[PDB]
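Note sheet for the following structure.
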Amino acid sequence: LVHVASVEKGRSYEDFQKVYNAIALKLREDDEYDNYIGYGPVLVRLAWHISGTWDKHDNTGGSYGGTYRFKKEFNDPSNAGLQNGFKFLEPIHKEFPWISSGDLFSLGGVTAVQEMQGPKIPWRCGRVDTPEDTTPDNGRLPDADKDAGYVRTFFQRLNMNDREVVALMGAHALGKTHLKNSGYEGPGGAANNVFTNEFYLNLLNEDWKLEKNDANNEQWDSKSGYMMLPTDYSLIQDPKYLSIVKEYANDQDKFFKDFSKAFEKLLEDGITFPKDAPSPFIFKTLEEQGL
Ligand code: HEM
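Now the structure itself:
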């Protein structure tokens, strides 16, 4: 399999910037969602999920084909709750129908991040919708009840090393877990709609208590009212992960640089960018444009 990036016919930077602005304006307006968290989080999750199905071995999965739009994928149990981000984007797609699905799902993720004060994430267009039969089977997304070995192992399928994994996981500071969705419940910290290194701080400074929740699943709960999944917790159990957590707990910039590179890589896995391809775009935030 080769997925070559193909620019949507005749579109350019400015075209993309408008999709971005549209997404951002909607994020701004629909702030009541999930009790005032806003849709930032969910979109980030969405972007990650359409991309985590990737298999470095045979190049199936990944964000290129927008397969999430098909039943198989859309109905994947690991994707429960994502339908709300989809619905959020639907009107957008209506407004700019020439954008591919994979471009759109991934763009929301980027938009989200940057709108929530995170770092700028360069992004590339070119994804191409693929047929229903390209939709990967369910089960390619990781489980939360495991440990560090699982995580290392899992992420390797995506070519991500230890540093990437830890950076990437720092997104856990956002939003929260929801009972109905994954059998987990609770936020991980206080600023759950603004992008910070809070994740790492929490993991290191709170006093975590292992407990079972209402779905009969175990989770690490803190006095402050926060939670961490076992997979999150596992970043402190592994010596190698641990030193990284510590690094980011100490330097928000490092964290941002690292996250930025990783997230893009994550969203570009399995895609071949030809030579003539435009460079990656760096979008302006609403605020940068005074809108
Ligand atoms: C071991 C790896 C991962 C596991 C097992 C994990 C699994 C989960 C779980 C169980 C949920 C809660 C869903 C719900 O009930 O709403 C979720 C929340 C979330 N996931 Fe992950 N995830 C991990 C990797 C990632 C990474 C790489 C990203 C993005 C870079 C990410 C971003 C998020 C976000 C932003 C939320 C909050 C969603 C909301 O507020 O609706 N996670 N994670």
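Residue numbering for the sequence shown follows PDB author numbering, beginning at 4 and increasing consecutively.
Note that beta-carbon positions come from the ideal geometry of N, C-alpha and C, so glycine has one too.
Environment of residue i [buried if 16+ CB atoms lie within 10 Å]
| i | result |
| --- | --- |
| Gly69 | buried |
| residue 1 | Here the chain covers residues 4 to 294 and nothing more, so residue 1 does not appear. |
| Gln86 | exposed |
| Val47 | buried |
| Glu118 | buried |
| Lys179 | buried |
| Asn205 | buried |
| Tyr16 | exposed |
| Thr114 | buried |
| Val5 | exposed |
| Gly64 | buried |
| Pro233 | buried |
| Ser81 | buried |
| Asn196 | buried |
| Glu32 | exposed |
| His60 | exposed |
| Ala176 | buried |
| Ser263 | buried |
| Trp101 | exposed |
| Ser246 | exposed |
| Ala252 | buried |
| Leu238 | buried |
| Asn200 | buried |
| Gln240 | exposed |
| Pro242 | exposed |
Start and end residues, alpha helix (DSSP H) containing residue i
| i | result |
| --- | --- |
| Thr138 | Looking at the DSSP string, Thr138 is not in any alpha helix (DSSP H), and its letter there is neither H nor E. |
| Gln86 | 86–98 |
| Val116 | 104–118 |
| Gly152 | 151–159 |
| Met172 | 165–172 |
| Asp37 | 36–39 |
| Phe77 | 74–77 |
| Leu30 | 16–32 |
| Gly43 | 43–54 |
| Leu182 | 182–185 |
The ligand HEM heavy atom lying under 7 Å from the CB of residue i
| i | result |
| --- | --- |
| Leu110 | no |
| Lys179 | yes |
| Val45 | yes |
| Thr199 | no |
| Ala147 | yes |
| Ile247 | no |
| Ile40 | yes |
| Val154 | yes |
| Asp241 | no |
| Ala174 | yes |
| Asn216 | no |
| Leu30 | no |
| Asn184 | yes |
| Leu232 | yes |
| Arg48 | yes |
| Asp79 | no |
| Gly121 | no |
| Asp150 | no |
| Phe89 | no |
| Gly189 | no |
| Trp51 | yes |
| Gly65 | no |
*In chain order, which continuous runs of the beta strand (DSSP E) of length 3 or greater are located wholly inside the segment 201–265?*
Counting only runs of 3 or more, we get 211–215, 221–225.
*Counting pairs of Cβ atoms below 8 Å between the segment 261–272 and the segment 148–165, do you hit three or more?*
Result yes; three or more Cβ-Cβ pairs closer than 8 Å.
*Evaluate contact between the segment 30–43 and the segment 52–59, counting only Cβ atoms and requiring at least three cross-stretch pairs below 8 Å.*
Segments in contact, no.
*Assess, as a yes-or-no matter, whether the segment 58–74 is touched by the segment 122–136 under the definition of 3 or more beta carbon pairs within less than 8 Å.*
A contact exists between the segment 122–136 and the segment 58–74.
*Counting pairs of beta carbons, one from the segment 221–233 and one from the segment 184–191, are three or more of them closer than 8 Å?*
Touching, yes, given that three or more Cβ pairs across the two stretches are closer than 8 Å.
_Does the structure place the segment 6–14 close enough to the segment 275–288 that three or more beta carbon pairs sit under 8 Å?_
At 8 Å Cβ cutoff, the stretches touch.
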